[PDB]
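Dropping data_1.cif in here (mmCIF, N, CA and C atoms):
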data_start
#
loop_
_atom_site.label_atom_id
_atom_site.label_comp_id
_atom_site.auth_asym_id
_atom_site.auth_seq_id
_atom_site.Cartn_x
_atom_site.Cartn_y
_atom_site.Cartn_z
N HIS B 2003 58.24 43.02 -56.38
CA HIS B 2003 57.35 42.56 -55.34
C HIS B 2003 57.67 43.17 -53.98
N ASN B 2004 58.63 44.09 -53.92
CA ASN B 2004 58.91 44.83 -52.70
C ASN B 2004 59.21 43.89 -51.53
N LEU B 2005 60.30 43.16 -51.66
CA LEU B 2005 60.78 42.25 -50.63
C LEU B 2005 62.18 42.68 -50.21
N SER B 2006 62.82 41.84 -49.39
CA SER B 2006 64.23 42.03 -49.06
C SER B 2006 65.06 41.54 -50.24
N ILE B 2007 66.39 41.58 -50.10
CA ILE B 2007 67.24 41.04 -51.15
C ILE B 2007 67.16 39.52 -51.22
N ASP B 2008 66.53 38.88 -50.25
CA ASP B 2008 66.45 37.42 -50.23
C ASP B 2008 65.02 36.90 -50.15
N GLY B 2009 64.02 37.75 -50.38
CA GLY B 2009 62.64 37.31 -50.43
C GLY B 2009 61.82 37.53 -49.18
N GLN B 2010 62.35 38.25 -48.20
CA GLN B 2010 61.59 38.49 -46.98
C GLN B 2010 60.57 39.60 -47.21
N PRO B 2011 59.28 39.34 -47.02
CA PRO B 2011 58.28 40.39 -47.21
C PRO B 2011 58.41 41.50 -46.18
N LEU B 2012 58.03 42.71 -46.59
CA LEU B 2012 58.09 43.89 -45.75
C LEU B 2012 56.79 44.17 -45.00
N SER B 2013 55.74 43.39 -45.26
CA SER B 2013 54.44 43.64 -44.66
C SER B 2013 53.80 42.32 -44.27
N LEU B 2014 53.26 42.27 -43.05
CA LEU B 2014 52.75 41.05 -42.45
C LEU B 2014 51.23 41.10 -42.36
N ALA B 2015 50.62 39.92 -42.31
CA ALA B 2015 49.18 39.76 -42.36
C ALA B 2015 48.60 39.53 -40.96
N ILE B 2016 47.31 39.21 -40.92
CA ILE B 2016 46.60 38.90 -39.69
C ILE B 2016 45.87 37.57 -39.88
N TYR B 2017 45.59 36.91 -38.76
CA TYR B 2017 44.95 35.60 -38.76
C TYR B 2017 43.43 35.69 -38.90
N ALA B 2018 42.81 36.70 -38.29
CA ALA B 2018 41.35 36.88 -38.31
C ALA B 2018 40.65 35.64 -37.76
N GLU B 2019 40.89 35.42 -36.47
CA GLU B 2019 40.36 34.24 -35.79
C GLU B 2019 38.84 34.27 -35.78
N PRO B 2020 38.17 33.12 -35.95
CA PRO B 2020 36.70 33.11 -35.98
C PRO B 2020 36.06 33.41 -34.63
N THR B 2021 34.73 33.40 -34.59
CA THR B 2021 33.97 33.63 -33.37
C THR B 2021 33.97 32.42 -32.44
N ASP B 2022 34.05 31.20 -33.01
CA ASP B 2022 33.88 29.80 -32.59
C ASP B 2022 32.39 29.45 -32.49
N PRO B 2023 32.03 28.16 -32.56
CA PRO B 2023 30.61 27.80 -32.53
C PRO B 2023 29.96 28.02 -31.18
N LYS B 2024 28.68 27.65 -31.07
CA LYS B 2024 27.90 27.80 -29.86
C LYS B 2024 27.34 26.45 -29.43
N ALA B 2025 27.21 26.27 -28.12
CA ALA B 2025 26.58 25.07 -27.60
C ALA B 2025 25.08 25.11 -27.83
N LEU B 2026 24.48 23.94 -28.04
CA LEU B 2026 23.05 23.83 -28.25
C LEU B 2026 22.38 23.44 -26.95
N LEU B 2027 21.37 24.20 -26.55
CA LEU B 2027 20.69 23.99 -25.27
C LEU B 2027 19.41 23.20 -25.49
N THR B 2028 19.22 22.15 -24.70
CA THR B 2028 18.08 21.26 -24.82
C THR B 2028 16.94 21.76 -23.94
N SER B 2029 15.75 21.84 -24.52
CA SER B 2029 14.58 22.39 -23.86
C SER B 2029 13.53 21.32 -23.64
N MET B 2030 12.72 21.52 -22.61
CA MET B 2030 11.59 20.66 -22.30
C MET B 2030 10.55 20.83 -23.40
N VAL B 2031 10.46 19.85 -24.29
CA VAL B 2031 9.49 19.86 -25.39
C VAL B 2031 8.40 18.84 -25.06
N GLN B 2032 7.16 19.32 -24.97
CA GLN B 2032 6.04 18.52 -24.49
C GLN B 2032 4.87 18.64 -25.45
N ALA B 2033 4.11 17.56 -25.59
CA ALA B 2033 2.88 17.54 -26.37
C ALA B 2033 1.75 17.07 -25.45
N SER B 2034 0.90 18.01 -25.03
CA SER B 2034 -0.13 17.71 -24.05
C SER B 2034 -1.11 16.67 -24.57
N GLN B 2035 -1.43 15.70 -23.72
CA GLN B 2035 -2.32 14.61 -24.05
C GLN B 2035 -3.18 14.31 -22.83
N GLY B 2036 -4.39 13.83 -23.06
CA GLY B 2036 -5.34 13.66 -21.98
C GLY B 2036 -5.26 12.32 -21.27
N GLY B 2037 -6.19 12.14 -20.32
CA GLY B 2037 -6.37 10.86 -19.66
C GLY B 2037 -7.48 10.04 -20.28
N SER B 2038 -7.54 8.78 -19.86
CA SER B 2038 -8.44 7.81 -20.49
C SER B 2038 -9.90 8.13 -20.17
N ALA B 2039 -10.78 7.73 -21.09
CA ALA B 2039 -12.19 8.04 -20.97
C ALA B 2039 -12.86 7.16 -19.91
N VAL B 2040 -13.98 7.65 -19.39
CA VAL B 2040 -14.77 6.91 -18.42
C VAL B 2040 -15.75 6.01 -19.16
N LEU B 2041 -15.67 4.71 -18.91
CA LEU B 2041 -16.65 3.79 -19.43
C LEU B 2041 -17.85 3.70 -18.48
N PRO B 2042 -19.04 3.44 -19.01
CA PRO B 2042 -20.21 3.30 -18.13
C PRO B 2042 -20.05 2.11 -17.21
N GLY B 2043 -20.47 2.30 -15.96
CA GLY B 2043 -20.29 1.28 -14.94
C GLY B 2043 -21.45 0.30 -14.84
N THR B 2044 -21.22 -0.78 -14.10
CA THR B 2044 -22.25 -1.74 -13.75
C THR B 2044 -22.64 -1.56 -12.28
N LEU B 2045 -23.61 -2.35 -11.83
CA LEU B 2045 -24.11 -2.24 -10.47
C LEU B 2045 -23.94 -3.58 -9.76
N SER B 2046 -23.43 -3.53 -8.53
CA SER B 2046 -23.00 -4.71 -7.80
C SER B 2046 -24.17 -5.31 -7.02
N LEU B 2047 -23.83 -6.17 -6.06
CA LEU B 2047 -24.81 -6.76 -5.16
C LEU B 2047 -24.62 -6.39 -3.70
N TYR B 2048 -23.48 -5.82 -3.33
CA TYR B 2048 -23.23 -5.47 -1.94
C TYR B 2048 -23.75 -4.06 -1.67
N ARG B 2049 -23.63 -3.61 -0.43
CA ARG B 2049 -23.98 -2.26 -0.03
C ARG B 2049 -22.70 -1.46 0.21
N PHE B 2050 -22.87 -0.16 0.39
CA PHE B 2050 -21.75 0.76 0.23
C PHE B 2050 -20.52 0.42 1.05
N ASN T 2344 -3.77 -11.59 -10.26
CA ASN T 2344 -4.62 -12.77 -10.35
C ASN T 2344 -5.77 -12.68 -9.35
N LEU T 2345 -5.47 -12.28 -8.12
CA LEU T 2345 -6.51 -12.14 -7.10
C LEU T 2345 -7.50 -11.05 -7.47
N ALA T 2346 -7.01 -9.94 -8.02
CA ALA T 2346 -7.90 -8.87 -8.44
C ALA T 2346 -8.85 -9.36 -9.52
N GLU T 2347 -8.33 -10.16 -10.45
CA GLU T 2347 -9.18 -10.73 -11.49
C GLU T 2347 -10.21 -11.67 -10.88
N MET T 2348 -9.79 -12.47 -9.90
CA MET T 2348 -10.72 -13.32 -9.17
C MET T 2348 -11.87 -12.51 -8.60
N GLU T 2349 -11.54 -11.44 -7.88
CA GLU T 2349 -12.56 -10.64 -7.23
C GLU T 2349 -13.48 -9.99 -8.25
N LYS T 2350 -12.91 -9.49 -9.35
CA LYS T 2350 -13.75 -8.90 -10.38
C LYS T 2350 -14.73 -9.92 -10.93
N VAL T 2351 -14.24 -11.12 -11.23
CA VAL T 2351 -15.12 -12.14 -11.80
C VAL T 2351 -16.23 -12.48 -10.81
N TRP T 2352 -15.85 -12.71 -9.56
CA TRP T 2352 -16.83 -13.08 -8.54
C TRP T 2352 -17.90 -12.02 -8.38
N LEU T 2353 -17.50 -10.76 -8.28
CA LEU T 2353 -18.50 -9.73 -8.10
C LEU T 2353 -19.34 -9.49 -9.35
N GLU T 2354 -18.73 -9.45 -10.53
CA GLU T 2354 -19.49 -9.11 -11.72
C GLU T 2354 -20.47 -10.21 -12.10
N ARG T 2355 -20.06 -11.47 -12.05
CA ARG T 2355 -20.99 -12.55 -12.36
C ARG T 2355 -21.86 -12.93 -11.17
N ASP T 2356 -21.89 -12.10 -10.13
CA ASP T 2356 -22.62 -12.47 -8.93
C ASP T 2356 -24.12 -12.45 -9.21
N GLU T 2357 -24.83 -13.35 -8.54
CA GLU T 2357 -26.25 -13.58 -8.79
C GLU T 2357 -26.83 -14.20 -7.53
N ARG T 2358 -27.60 -13.43 -6.77
CA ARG T 2358 -28.15 -13.98 -5.53
C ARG T 2358 -29.25 -14.98 -5.87
N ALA T 2359 -28.87 -16.25 -5.95
CA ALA T 2359 -29.74 -17.28 -6.50
C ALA T 2359 -31.02 -17.39 -5.69
N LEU T 2360 -32.12 -17.69 -6.38
CA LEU T 2360 -33.39 -17.82 -5.68
C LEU T 2360 -33.43 -19.10 -4.88
N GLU T 2361 -33.97 -19.02 -3.67
CA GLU T 2361 -33.95 -20.12 -2.72
C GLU T 2361 -35.30 -20.82 -2.66
N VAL T 2362 -35.27 -22.15 -2.73
CA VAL T 2362 -36.48 -22.97 -2.70
C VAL T 2362 -36.23 -24.18 -1.80
N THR T 2363 -37.20 -24.49 -0.95
CA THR T 2363 -37.14 -25.65 -0.07
C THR T 2363 -38.25 -26.63 -0.43
N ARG T 2364 -37.90 -27.90 -0.54
CA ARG T 2364 -38.84 -28.96 -0.87
C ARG T 2364 -38.81 -30.03 0.21
N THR T 2365 -39.99 -30.47 0.63
CA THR T 2365 -40.14 -31.53 1.61
C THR T 2365 -40.50 -32.81 0.88
N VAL T 2366 -39.81 -33.89 1.22
CA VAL T 2366 -40.04 -35.18 0.59
C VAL T 2366 -40.31 -36.22 1.67
N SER T 2367 -41.33 -37.04 1.45
CA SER T 2367 -41.64 -38.18 2.29
C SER T 2367 -41.15 -39.44 1.59
N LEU T 2368 -40.34 -40.24 2.30
CA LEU T 2368 -39.84 -41.47 1.71
C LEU T 2368 -40.96 -42.47 1.47
N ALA T 2369 -41.92 -42.54 2.39
CA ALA T 2369 -43.05 -43.45 2.21
C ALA T 2369 -43.83 -43.11 0.95
N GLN T 2370 -44.19 -41.84 0.79
CA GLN T 2370 -44.89 -41.43 -0.42
C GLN T 2370 -44.03 -41.61 -1.65
N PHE T 2371 -42.74 -41.28 -1.55
CA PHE T 2371 -41.85 -41.41 -2.70
C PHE T 2371 -41.80 -42.85 -3.20
N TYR T 2372 -41.51 -43.78 -2.30
CA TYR T 2372 -41.38 -45.17 -2.71
C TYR T 2372 -42.73 -45.75 -3.10
N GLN T 2373 -43.79 -45.38 -2.38
CA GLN T 2373 -45.12 -45.83 -2.73
C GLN T 2373 -45.53 -45.35 -4.11
N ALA T 2374 -44.96 -44.24 -4.56
CA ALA T 2374 -45.24 -43.67 -5.87
C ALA T 2374 -44.05 -43.81 -6.82
N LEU T 2375 -43.48 -45.00 -6.92
CA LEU T 2375 -42.42 -45.23 -7.89
C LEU T 2375 -42.99 -45.77 -9.20
N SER T 2376 -42.42 -45.30 -10.31
CA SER T 2376 -42.94 -45.63 -11.63
C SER T 2376 -42.76 -47.11 -11.96
N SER T 2377 -41.60 -47.68 -11.64
CA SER T 2377 -41.29 -49.06 -11.99
C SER T 2377 -41.62 -50.03 -10.87
N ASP T 2378 -41.18 -49.74 -9.66
CA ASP T 2378 -41.42 -50.59 -8.49
C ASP T 2378 -42.08 -49.73 -7.42
N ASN T 2379 -43.40 -49.62 -7.48
CA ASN T 2379 -44.17 -48.91 -6.47
C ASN T 2379 -44.57 -49.91 -5.39
N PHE T 2380 -44.25 -49.59 -4.14
CA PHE T 2380 -44.44 -50.55 -3.07
C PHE T 2380 -44.67 -49.82 -1.75
N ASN T 2381 -45.28 -50.52 -0.81
CA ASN T 2381 -45.36 -50.02 0.55
C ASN T 2381 -43.96 -49.97 1.15
N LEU T 2382 -43.59 -48.82 1.70
CA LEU T 2382 -42.29 -48.71 2.33
C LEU T 2382 -42.33 -49.24 3.76
N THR T 2383 -43.36 -48.87 4.52
CA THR T 2383 -43.45 -49.31 5.91
C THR T 2383 -43.62 -50.82 6.01
N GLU T 2384 -44.47 -51.41 5.17
CA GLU T 2384 -44.71 -52.85 5.22
C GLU T 2384 -43.44 -53.61 4.88
N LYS T 2385 -42.74 -53.18 3.83
CA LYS T 2385 -41.48 -53.81 3.50
C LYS T 2385 -40.48 -53.65 4.64
N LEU T 2386 -40.50 -52.51 5.32
CA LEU T 2386 -39.63 -52.30 6.47
C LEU T 2386 -39.91 -53.32 7.57
N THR T 2387 -41.17 -53.43 7.97
CA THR T 2387 -41.52 -54.34 9.05
C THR T 2387 -41.23 -55.78 8.66
N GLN T 2388 -41.52 -56.14 7.41
CA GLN T 2388 -41.22 -57.49 6.94
C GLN T 2388 -39.73 -57.78 6.99
N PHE T 2389 -38.92 -56.89 6.41
CA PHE T 2389 -37.47 -57.08 6.44
C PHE T 2389 -36.96 -57.13 7.87
N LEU T 2390 -37.67 -56.48 8.80
CA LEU T 2390 -37.35 -56.60 10.21
C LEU T 2390 -37.64 -58.00 10.73
N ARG T 2391 -38.75 -58.60 10.28
CA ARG T 2391 -39.13 -59.92 10.77
C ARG T 2391 -38.06 -60.96 10.46
N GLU T 2392 -37.49 -60.92 9.26
CA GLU T 2392 -36.33 -61.74 8.97
C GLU T 2392 -35.05 -60.94 9.24
#
As structure tokens:
Amino acid sequence: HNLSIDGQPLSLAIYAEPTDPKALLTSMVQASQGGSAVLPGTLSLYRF
Amino acid sequence: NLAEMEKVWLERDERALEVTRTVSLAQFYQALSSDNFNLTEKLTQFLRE
């Protein structure tokens, strides 16, 4: 296995550290909706 | 509550028709269904006593 006389390896490895994760960004998510409908009006007794 | 008051008042508004009636007490009492009588004569009599 190509070691020392007591088991020490002659070749060393690498860790290969990851990229690490990413933060998630929150966006303005909107669903457009209208205003209320106009109902037909009545007529009063006063003047303008 | 006040807004509801105003809405009710304006929406149910109705400029009621106006009527005036003239009544004569002498004619009224003289024309009673059960006890028809002279009003002036009874007045003067009740004055006498």
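What separates CA of residue 2366 (chain T) from CA of residue 2390 (chain T) is a distance of 23.6 Å.
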Any chance you could resolve the PyMOL selection byres ((chain T) within 8 of (chain B)) against this file and give the residues as a JSON list (two decimals) with N, CA and C atoms, in the frame of the given file?
[["chain", "number", "residue", "atom", "x", "y", "z"],
["T", 2353, "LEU", "N", -17.50, -10.76, -8.28],
["T", 2353, "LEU", "CA", -18.50, -9.73, -8.10],
["T", 2353, "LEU", "C", -19.34, -9.49, -9.35],
["T", 2354, "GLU", "N", -18.73, -9.45, -10.53],
["T", 2354, "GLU", "CA", -19.49, -9.11, -11.72],
["T", 2354, "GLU", "C", -20.47, -10.21, -12.10],
["T", 2356, "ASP", "N", -21.89, -12.10, -10.13],
["T", 2356, "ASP", "CA", -22.62, -12.47, -8.93],
["T", 2356, "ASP", "C", -24.12, -12.45, -9.21],
["T", 2357, "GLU", "N", -24.83, -13.35, -8.54],
["T", 2357, "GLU", "CA", -26.25, -13.58, -8.79],
["T", 2357, "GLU", "C", -26.83, -14.20, -7.53],
["T", 2358, "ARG", "N", -27.60, -13.43, -6.77],
["T", 2358, "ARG", "CA", -28.15, -13.98, -5.53],
["T", 2358, "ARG", "C", -29.25, -14.98, -5.87]]
message: For this structure, which residues satisfy the selection - the PyMOL selection byres (((chain T and resi 2381-2385 and name CA) around 9) and name CA) - when it is evaluated on the file as given? I want them as a list in words.
response: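 Selected by the PyMOL selection byres (((chain T and resi 2381-2385 and name CA) around 9) and name CA) here: residues 2368, 2369, 2370, 2371, 2372, 2373, 2379, 2380, 2386, 2387, 2388, 2389 and 2390 of chain T.
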- request: Could you tell me how far CA of residue 2347 (chain T) lies from atom C of residue 2359 (chain T), in Å and to one decimal?
  value: 23.6 Å
Length of the CA of residue 2041 (chain B) to CA of residue 2350 (chain T) vector [Å]: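 One can read the CA of residue 2041 (chain B) to CA of residue 2350 (chain T) distance as 15.9 Å.
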Where is the centre and how long are the edges: axis-aligned box on region 2010-2029 of chain B, 6 Å on each side, Å to one decimal, as AutoDock Vina command-line options:
--center_x 37.9 --center_y 32.7 --center_z -35.9 --size_x 60.8 --size_y 34.9 --size_z 36.6
task: Apply DSSP to the structure's backbone, then extract all residues of chain T labelled helix (DSSP H, G or I) and return them as a PyMOL selection string.
output: chain T and resi 2345-2354+2368-2373+2382-2391
